[PDB]
Structures are given as structure tokens and as C-alpha cells.
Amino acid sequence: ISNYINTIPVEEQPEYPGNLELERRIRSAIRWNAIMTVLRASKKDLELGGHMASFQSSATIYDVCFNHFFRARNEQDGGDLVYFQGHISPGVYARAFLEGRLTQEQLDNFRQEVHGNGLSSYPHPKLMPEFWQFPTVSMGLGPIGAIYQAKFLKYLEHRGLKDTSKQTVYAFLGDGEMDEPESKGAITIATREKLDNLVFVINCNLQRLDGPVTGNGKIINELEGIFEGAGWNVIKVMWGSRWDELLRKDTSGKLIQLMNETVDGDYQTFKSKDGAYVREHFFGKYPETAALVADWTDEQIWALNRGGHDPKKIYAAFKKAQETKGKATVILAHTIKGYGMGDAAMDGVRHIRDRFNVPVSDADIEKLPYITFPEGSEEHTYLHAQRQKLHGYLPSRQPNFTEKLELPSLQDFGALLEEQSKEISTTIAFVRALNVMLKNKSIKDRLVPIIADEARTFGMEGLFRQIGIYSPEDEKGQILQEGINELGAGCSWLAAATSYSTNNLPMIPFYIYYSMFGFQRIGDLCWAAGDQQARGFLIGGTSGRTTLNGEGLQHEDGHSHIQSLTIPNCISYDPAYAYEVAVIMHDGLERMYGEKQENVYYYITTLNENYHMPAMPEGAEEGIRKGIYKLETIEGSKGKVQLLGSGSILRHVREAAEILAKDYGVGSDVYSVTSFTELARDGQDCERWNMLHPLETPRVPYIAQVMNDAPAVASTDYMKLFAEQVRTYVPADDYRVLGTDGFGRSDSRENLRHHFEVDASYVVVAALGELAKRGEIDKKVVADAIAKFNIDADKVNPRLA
């Protein structure tokens, strides 16, 4: 940790290239418009919300960037990728409006979007697909997402995919936000990969929402110490030019000491006082210091500003960051929260109007008007001149990539559609589908297989020889290995899955990991990924509660599908067979990267268990994509039932169907449910349409179109709700659901399949139980089956076990 003064001495500070006075004129109008936007929304009294004090402390930092650094998307690259602090959006909206990119009506619709012409509270690409790019309001996700974005940009270059060398990734963070584990949790990665195309701009106003980050300490010193220890280039922007001659004057080194020894809380207090308090309490600590401002009007004292408010001091830091190579730079900008708001952080409105010399007369001020710069005006000229010199305006977003990809047809996945000689798993099927894609000229180099240490478990190690491991194992390596870091890998996946828009270069990621450590461990990023319109594939390997049998409690995933079904634009599947994964993967590619360019991403759970893989029934394609199709019908004169299964459990309900037919003469319809969730979504859609169109003929849910009314039983490797979610749509009077509710534990697949009551014997007993209720069979026969199958009717509910 260095002294509590700027990192760059004024002697090494470059000349500021802009018109300081004209820029302040433009900056003040933006400040005013930002405040009017939030104030106008406030007037509605609809509890709309919005922030003001934050952008007030960082406006000048953004201002210098928009005028002298931020490159907009251009013919060569997507420009600088700016991860704007989410809640300073009113300021971004204020500038866009001034640039004529947003209308007055839109600003008046701030935080009112449902009707079509409003603005989102925060950066939400899904809501404003041509404006916002990176979802940052969920603190912590911005810094790590940016780190991996910077890394992915380097990847594109090294692979020779695109020259991203002129792109800088900027993460604008708050100091309170750095407390999130994800904020500093991955910073050593920027050093490892020498990400000199990444700049962290932490706005150090010393306060978070309900108070100061560390009132008893020095947050800027803590930040410096850890980022410096992490090998980052640290630039502290502490004081404005006014301090320059003061420090130069101080030969006793007492100012540095006072500055160094004063704690956050104190500094924050001074800020709420007056020149008198400072000179007395601050400067009054030592005579040597008091004697510096001794000849200072208290108003001269109170005039000393924090470095984050001085453009000249801000410019030096960004110019230096821009020049630095070999590592990432973090700029710690010292600011005042609620800067120039005084009263805050109509009398207060008159205050900021005066404070920033805003061009609004006393006759207009009560109208809370927005300010605009006419064409031909000095301000209008400069505002656009600076941006044009920087390639245009940002934030901006292109929702669809321009190129046409020549995707592999399903036929190209032929070998997977046929019966397998060897017993394999859906994971081996996945790796094989990847290889089919690796032979496709058009997308072969666009594929981005991602791993988090474990490859062997997923039999991914065979790909290493064919495509290599990105290791700037060389800079041309194609597979991204992120180590034991599920969040970081999800971030690389997000960078690749949204590359089609950000860089207009579609990249198709395939991130495979232990399914349990998916939505459960990185769920907030998965939700933000949907916001970011990510188009890619998340592969939850070693899935199913009873299939990853030895690992136990914190590994056995019998619910990721319950977690995944909560994301609107995530398409989840739990295939049982290899031909299904091929059909599913092919459909995803087509939907997402085909001409449709559907803003959706895929989640496919795959297995680590091998078994016979039959050939795809002819014409089963549409059903597989839809989520269900009848596998076969079995004859039986004693009765009829329908049996549904998915994943590794389908194999077991299929065995229950043979037992039922053989030992009980009960026939059945066997269905492979590739997606209980897509089927649930379809039923809901039909029911909603029906409810909304009372005079129209009721639409029939696909699952209801596929199934009949015979008593049904379903079993899967997930908790019962996974299959229960389609109850409303099952056309049978009876629909029993077996599932793996309860905490996992270590044992053999067989022992677990019995414990969780999802094996063949339970399916048979469940099927028999319904026919018994119908009067088709004697209750005694089901009671004997329970006995016959060594089933403990009185063992604790697995959910409780």
C-alpha cells in the first residue's frame, strides 16, 4: 500500500486534451437531465424508484471516457465493452437523450416499460435489445463477467477468429460492491492471463447503500493492497489539482501523514461539514498542516475536491491504464456520493440548478424540464464531435449476427441416430455430437467447449488431441479450461454465448460440469445470462440423484431441472438415449445459430452411466424436440397403463413395463419424456390461450395429444415435481409420479434407486395400485407385489431421510 495521494504525480500527469469549460457545460446538462428523469418518475407516486446520488459522484469519470476513451462498436470490432454500473443508468439515459438517441417521452417513461416506449431501471439487454449490453445490477457479477470477457476477447485474437486488440473491457464498480466474493474472487486470473485489455474502475465514494464500506478503515487502501498483491496495476485517483501546490508546499511530510492516518468515517464527516471544520479538525491536527491552509479562506479549504471529480486527474489514470501492457489496471477513483446535491446527499432542485449552473430559468424550473443542445450550438457540436472521433455512440447493441452459418444437418448426426454396439451414456453421445460439429467447416472453429478442471470424468480428454487447450496447450488451443471455478467458466460461456451480438461473431459454447454445481451454484449468472440473450449449451454432466451414486449429498442432482425451469429463455432436456441428445443438440444449434436466431440457450442433463442405446424410432424427431413421444405399446389382457420416464430412469420404467406385461398381463404405452418442462410450458400456454379465448375451440397440450386416458405412472431421477409439473395436462384420471425427493447419500445405483423409490419395482407397484383402485385388479395383488419386490412400505419418506 502506497501513501494516500494520487498514484500519478502532477509532474507525470499528461496535458488534458479537451475543452474543460465546454465539457462541464455538457456534463451539467446530463446531470440535470438524469435528475429530472428520476424526479419526474417520482412525481407519479407509483413507487417507481431510481437513483441520483451515485451517478452524481461518478458522472465526471464517465464524462471523460465518453469524450476521450470509449470506442463505440465499429466496422472492425464491437468497440470497448463497458460494464456500466447498473444504478447510474439515469445518467446514461440522460446522455443518450442529449445525443438524441432517446426521446423525451422515453425519459418520461423511465421505469415504465410494459406499454412499449419506456426505459428499464437497469442494463437489461432482454428488455432493451438495441441499447443495453451487460446486466450489471446484481452486484458482483459485473467484475467477474468482465474479467472473462476480457479473457475471451484475447481468446478470439489468439485463435485468429477476430482482431480484438483495439477493444478494452471496462468494469465500472462501486466500492461497496467489491465486498461481494465474486468481485475480487477471480482477480488473479487477470494477472495469470495478462489481461491488459481490462480496466476495473472502482468508484470509491466510501459509502455503500446503508453506510460506509469500512468506516473504521480505509477501503481504498484495502482495495489497493489486495489488487496489488494480485499483481494488478493500481492507480489511485485521490485528490484534485487544488491539492497539488498544498502537497508540494508541505516539506514536513505531515499532510501525507494526516491523509494517511485519517480513516474513512472521518473523511466522510469532514465532507458533511464546512471549511471551518476541516481546517480545524482535519488540517488542525498538526501545526505543520494547519499552517498550510493558515492563509486559506475556509471557502478555499472547502474547495479542495476528491480526485474522482477532477477531469485532469481522471484522464491521467485512464491514459495510463490505456498505455499499460502485461497486466490489468484498476483505477480507484475517490468521489463524493450525492456530490453537489448538498441538501439531498424544489429548494433542492434550485440548489443543483445553481450548483451546476444549469441553463434553466426560474420560470421553467418548476416544470422539471429536460435540457437539450440545439444543432449548431457549441455544446451540441462538441458532444457529437468527440463521439464521432470515437466511432459513434454507446451503449448500443446488435441483437442478431449478420453472417449465415452452414449448420450440420441431422443426417450429419446419423451414427448417433442408430443403435449402438457398445453400451454408452448420454455424455459420450454429447462428446460424439461435438465431434460431428467439429467436422463442420462453418462452425468447427466457432465451437467453445468449456471445462472446470474435470474432463476425464466427462471423457472430454479425447478432444484435447484434436483441438487442444487454450493456454497463451497453446494460444491456439480451442478448449477453455477454467479449473475449479464454476462461476468463471459460466462467465467464459456467457462471453462466448453472446459473442454473436457483442462482436457480431457467433461462437457456440458447450460448458460441461457436474450438474449440481450449475444453477444451484451459479444460478444468478444463469438468470443474468438469459437477460444477456445468451445462446449456448449448458451440459449438466453426472446428473440424476441415483446415477452419480457414490458422491452423495452435495453431488447428487435430483433438482437442477426445477432450478432451470425458472429461467424463461432456457430450454431444458433430460434425454435417456443417444439419438435424443443428437436430435436435441441439432435443434438447439438450428434454433439459436440457424436463420431463426432464437434468443434462447439450452440445458441438457447427461449421464455417467452406460447402457444399451437403441436406434431412433422413425419419425420420432419432432416428438423428441417437443418433449415426449411414445416409445412402444405392450399388449396385455388384464389391463392397460401408460408409463413415462426420462434420463437414466426411463430404462427402469421400461423394465417395469415388461414385468407388468409378463407377470400381470397388464399392457402399457411407454413414453420417453425428453423434457417434462417444455411439455409443462406448452400445456400452460394452451390453457392460457383457452382461458383468453372463451368462444374458441380449446387447444390441446401436446402431451395430451400424445398420451391417452389410461392410468399413468412417471418416474425420473429428479424430485417428483419435475414430472408432476405436467399433471394438469395429462389426459388420464390417474397420474402417479415417482421421484428422488430427499437428500442424496453414497451407495450403489441399485440401492439408491430403491431407497428413492424410483426403480422398476416401484413403478410396477404404482401401476398396479391404480388398476386396483379402478377395480381391474385385487388390492391383494399389489400388497403381494410390495412383498414380492422387497419393498419397505414403512421406511421413512426419502425426503425426510
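Numbers follow the displayed sequence, beginning with 1.
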{"property": "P287 to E288: deposited residues without atomic coordinates", "result": "none"}
{"property": "Continuity check for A345 and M346, given as deposited residues lacking coordinates between them", "result": "10 or more"}
{"property": "Which of 205-213 and 81-89 has higher mean CA B factor, as the PDB entry lists it", "result": "205-213"}
{"property": "Between the two ranges 531-539 and 588-596, the one averaging a larger CA B factor in the entry", "result": "588-596"}
{"property": "Member of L173, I479, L405, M707 with the greatest C-alpha B factor (per the PDB record)", "result": "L405"}
{"property": "Out of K327, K184, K254, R545, highest CA B-factor residue", "result": "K254"}
{"property": "Third assignment of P311 from its chain's C-alpha B-factors", "result": "middle"}
{"property": "CA B-factor ranking of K773, expressed as a third of its chain", "result": "highest"}
{"property": "Lowest, middle or highest third - CA B-factor, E757", "result": "lowest"}
{"property": "Position of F283 among the chain's modelled residues by C-alpha B-factor, lowest, middle or highest third", "result": "highest"}
{"property": "Ranked against its chain, the third holding the CA B-factor of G231", "result": "lowest"}
